[PDB]
Each structure stands twice: as C-alpha cells, then as structure tokens.
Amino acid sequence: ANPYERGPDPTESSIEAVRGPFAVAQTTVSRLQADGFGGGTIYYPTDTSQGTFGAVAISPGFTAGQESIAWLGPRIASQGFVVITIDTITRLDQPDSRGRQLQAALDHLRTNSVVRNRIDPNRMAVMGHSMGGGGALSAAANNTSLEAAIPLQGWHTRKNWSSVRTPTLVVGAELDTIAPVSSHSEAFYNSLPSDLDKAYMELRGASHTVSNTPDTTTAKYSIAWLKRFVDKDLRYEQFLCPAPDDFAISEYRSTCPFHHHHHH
C-alpha cells in the first residue's frame, strides 16, 4: 500500500474542481522571515488525520509579483499539498536565481512554525511561470531529490536539461510570443532525458498570460502530475496516460506509461 495516498479516489471532476477535497488555511512569510527568497504565502490543508503532505513552491516570472500565480496556491493545496507561492527578492531576478529562491522557499518550510509538522520534507516539487518556470527547471537540475517540476510557459536561456532526473511536465502556450514554445518549452522537453517520466502539454490558442488567471487545464494536469509523482499516487496516472482528450490541449507528448518502481 502506498503510504502517501491522500483524499478520495479521483475523477476528471475532482481534478477540475476549483477547490479540492481538503479545507485549506494560509500563513504569510515576510521578507524578514524569508532566507533566500522574497517572502510568500503558504497554503496548507488543515486536516492532519491522513498524515503529512508533499510540498510545492511556485515562482512568478520577470516583472511579476506573487499575485500573478497566487490562484494556484489554494487550488493545488486543497488537493493535499503544502504550497508556497513566492515573491522573488526583486522582480528582475533571472531564471537560475529564481531556481535558487524556489529551493530556499522549500527549505523554509522545513522549519516554518506553522507547516513544518505538516510536510513530508523529502517529497517536494517546484513550479513557475515564465522565468519562474526556467527557475523550476534550474532547481531540479541542481537538486535531483525533487519529486516533480512543472514549468508553465517557461523561459530560460539554457535549453539543455539532460541532467534533470525529476519528473517534469512542460506546459507550453501555442501562441506565446514571450516564451515561444519552439525555442523554450518544446526545446526543454526535447532535451530532458528519454528515460525520464515527462510530458509536454501545449495549450491551444493560448498566450503567455494563460497562467496568470485561473486555467482549468493547467490546474487539473498540474494536480495530476503532483499527485502521480510527489505522492507516487497511481490513481492519477489515468488522467495522464493515454494522452488527455481536452480541447484546450493542441499537442501532447509523453513517456507514458510512467515508471512504477516496486519491491513485489
């Protein structure tokens, strides 16, 4: 039995839900309290009776505040995760710096007085939009212990991610002119190792700003990815393999079926 399964058996409805099965509360981390990042908001399930939860850090992109990705906080946390949406030290920080700040935000959770006993410190993930998604890839390349990475319309000058050993969902926007998929998202997917559990999801007709207000497709598959890999929850593979049928997805590539390591 998988000790990390949380919540009821999922359906497409449950992963599309704006609020998941877990009631959530929040706490604020000021810049003074934040070593190595610009502060943030932590969303967490109040129900402790099922055990601890994996942790997720989410970064905004260049010139953007926490507000540009804040909606992901409660939407993911209510599926059974402790999620910190960060501000960066400055809004002009570059992608690798954002990766270091994502890692610093995860490390903060380990001793945060409100959530330190709610996280499993060894099951953590990174996400981000635009340069923050470049940061998510950078954090994974710099920390092979991370359990999942999700760049959303990621932007980075580094195109080669062959050293990443963290299951990665790359979400591109078809009509993105800021981080065009042909030179950013798709190139990232192509250079991730072939033996990695990975997927590329292109959002039909979408512009760069698709991640800055609620997008059900982004939320539902981020949730399924975090469940499948942060929690090793095989109940969620059904949504990722075979390729999803959503109209909002114009292209899907993956290494389905994903690896299931076992001692049977």
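In case it trips you up, residue 1 is the first one in the sequence shown, and so on.
Participant: Check the entry's C-alpha temperature factors for 26-34 and 194-202, then say which stretch has the higher mean.
Facilitator: Mean C-alpha B-factor is greater for 26-34.
Participant: Output the stretch having the higher mean C-alpha B factor in the entry; the candidates are 42-50 and 229-237.
Facilitator: 42-50 has the higher mean C-alpha B-factor.
Participant: Would you please rank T177 by its C-alpha temperature factor against the other modelled residues of its chain and give the third it falls in: lowest, middle or highest?
Facilitator: Ranked within chain, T177 CA B lands in the highest tercile.
Participant: Ranking the modelled residues of this chain by C-alpha B-factor as given in the entry, is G133 in the lowest, middle or highest third?
Facilitator: For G133, the deposited C-alpha B-factor lands in the lowest third.
Participant: Lowest, middle or highest third: where is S162 by C-alpha B factor in its chain?
Facilitator: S162: CA B-factor falls in the highest third of its chain.
Participant: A70: which third of its chain by C-alpha temperature factor?
Facilitator: Highest third, going by the recorded CA B-factors of the chain.
Participant: Once the chain's modelled residues are ordered by C-alpha B factor and cut into thirds, is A219 in the lowest, middle or highest one?
Facilitator: CA B-factor rank for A219: middle third.
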